[PDB]
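The block underneath contains the structure these notes are about, expressed in structure tokens.
Positions of Cβ are backbone-derived with ideal geometry, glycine not excepted, and every protein chain shown enters the neighbour counts. Please treat every number below as a calculation from the coordinates, not as lab data.
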Ligand SMILES: Nc1nc(NCCCOc2ccc(C(=O)O)cc2)c(N=O)c(=O)[nH]1
Ligand SMILES: Nc1nc(NCCCOc2ccc(C(=O)O)cc2)c(N=O)c(=O)[nH]1
């Protein structure tokens, strides 16, 4: 399949050999500072080493603006939190880092402080200027599907159209094709039922010709199906990661790294990946 | 898909609604008797109730002749062990029971003592007379793929041919089509690599037009891929059960019932089963 590797500055990721595990960094902010305090940076570094030891290939690190139950946060604010965490994890853990942000100033600073991949939940549509940051630093950029409504004419046809609008924004900024990753955005502007329909038809995403990241870890559509709370979603999650790899994804973005790494590796063996 | 239900005397199994979990009964024999002692029958009954409570739809119970690290055992011997266990589990747990045996006298006695399904690892080839027991009691019969060599010309073509030889034995004894289940026999007369090749191509088994049971729970091909001991094979197992359901299986035969039931149910939701 892939005739190139994902170039991540110091690191190379081969897309043919294995499904790549991206581990979700658990960020617990210190009640008493706006960023860079010992307890919260040390929590982040130890969690990254755990994930590295359990099999992660990329560490994903987010600021308050994109991470669930928080209010919106300033750009100045998001940078103080996240940049000390990038610096520490980057020096201390030998894996590429993706910065999860949709804001172009936050992406730029995160890269300067040692990030390799940009993870955008708005697919360059919130701030088109982020695709300019990508092209300049020449870093991979994940363009996730998202929209500000759930009025689909045909769920998958529309998702593909919305992903191409993202791809067009990126390429018009000089983003090289080999620095584009797509994401179907499970959980984002989709009913519980639309989420399962996108799972059921993920293979259609491969016609665009770019690697696909999948992120279903613990999402509430799992809780919809199984009737289970967030901490009881492991098995449900593992089902979506296996279906996702049978359907052609190159990455998955998971909390339960040790578990999902074993499922990934068994699946790779069976489909004949690598 | 299925225009009929699996009729199991007292119980009916709908093949369209859900993947059916068959739970593997843990049989720990009493050092001091040849069968029917309290400790070992009570262990069996409590394990069945655990599996019922965790989501199992069928309980699978085997005698010494088919269960791994034991020597061959007599017919008289296999009946004393297994028949007290059938009687107790059957009265006490409200689910169909399958008797795992390839011997026609053992199958007959197990049914008389309350079993609903026959599970034959030799596919009626060890003792063709078992298909006569099936037809008479009019019970479902699982015909697993197995052979006495690993000289395949084309693994899957040969498996399908060997399964049809089984089906021909069964039908020539008066086994109704609706009482036939096939099994690709993962682990049986196949290298670690042949096992993955059968996983990769299980969907071909559906051309025969019968429900398919899959049993990969903890098998050593998982240990081959992941380099993990028997008790560390949960994630590997879950991968094979999901690929198996994406490929059209109606049953899986599992040790880890609670876990594999959640994965089964998420998968059902995504493929649109039920
Ligand atoms: N690209 C991509 N990013 C994602 N997330 C980035 C935005 C922030 O999302 C978070 C979701 C969960 C967590 C957490 O549980 O700690 C932290 C952050 C996806 N899912 O949340 C996804 O499916 N794909
Ligand atoms: N039909 C069918 N029967 C099977 N087994 C019946 C024969 C006895 O096999 C056992 C395998 C494991 C265990 C156990 O771990 O307790 C007990 C019995 C399959 N796998 O072992 C299979 O994949 N399909």
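Total residues in the stretch A:65-91 satisfying the condition of being near ligand 1 (Cβ under 10 Å from one of its atoms) and either in a helix (DSSP H, G or I) or touching a residue at least 12 places away in the same chain (Cβ under 8 Å) (or both): the figure is 3. Within the stretch B:258-269, the presence of a residue that is more than 12 Å from chain A (Cβ to nearest Cβ), surrounded by fewer than 20 Cβ atoms within 10 Å (Cβ to Cβ) and either in contact with a helix residue (DSSP H, G or I) (Cβ under 7 Å, 6 or more places away or on another chain) or on the phi < 0 side of the Ramachandran plot (or both) is excluded.
The set of residues in the stretch A:230-249 being crowded, with 20+ Cβ neighbours inside 10 Å and within 13 Å of ligand 1 (Cβ to nearest atom) consists of A:233, A:237, A:240, A:241, A:244, A:249. Restricting attention to the stretch A:173-216, the residues that are outside any loop (DSSP other than H, G, I, E, B), over 22 Å from residue B:269 (Cα atoms), more than 16 Å from ligand 1 (Cβ to nearest atom) and in contact (Cβ under 8 Å) with a residue 40 or more places away in the chain total 3. The number of residues in the stretch A:40-64 that are in contact with a strand residue (DSSP E or B) (Cβ under 9 Å, 6 or more places away or on another chain) and outside any helix (DSSP H, G or I) comes to 9.
Against the list (1) closer than 26 Å to residue A:259 by Cβ; (2) touching a helix residue (DSSP H, G or I) at 6+ places or on another chain (Cβ under 7 Å), the condition residue A:29 fails is (1). Listed residues A:175, A:207; which is surrounded by 23 or more Cβ atoms within 10 Å (Cβ to Cβ), over 17 Å from the mean Cα position of the chain (by Cα) and more than 16 Å from ligand 2 (Cβ to nearest atom)? Residue meeting the stated conditions: A:175.
Please determine whether any residue of the stretch A:165-172 is part of a helix (DSSP H, G or I), within 14 Å of chain B (Cβ to nearest Cβ) and crowded, with 24+ Cβ neighbours inside 10 Å. No, there is no match, as no residue in the stretch A:165-172 is part of a helix (DSSP H, G or I), within 14 Å of chain B (Cβ to nearest Cβ) and crowded, with 24+ Cβ neighbours inside 10 Å.
Residues in the stretch B:116-150 that are in a helix (DSSP H, G or I), in contact (Cβ under 8 Å) with a residue 40 or more places away in the chain and surrounded by fewer than 21 Cβ atoms within 10 Å (Cβ to Cβ): B:132, B:135.
Quick one: is residue B:153 over 20 Å from residue B:20 (Cβ atoms) and free of Cβ contacts under 8 Å to residues at least 40 places away in the same chain? For residue B:153, the condition - over 20 Å from residue B:20 (Cβ atoms) and free of Cβ contacts under 8 Å to residues at least 40 places away in the same chain - is met.
The set of residues in the stretch B:8-39 that are within 16 Å of ligand 2 (Cβ to nearest atom) and in a loop (DSSP other than H, G, I, E, B) comprises B:19, B:25, B:26, B:27, B:28, B:29.
Taking the criterion of being more than 15 Å from the chain's Cα centre (by Cα) and either more than 10 Å from every other protein chain (Cβ to nearest Cβ) or part of a helix (DSSP H, G or I) (or both), the residues of the stretch A:238-257 that qualify are A:238, A:239, A:240, A:242, A:243, A:245, A:246, A:248.
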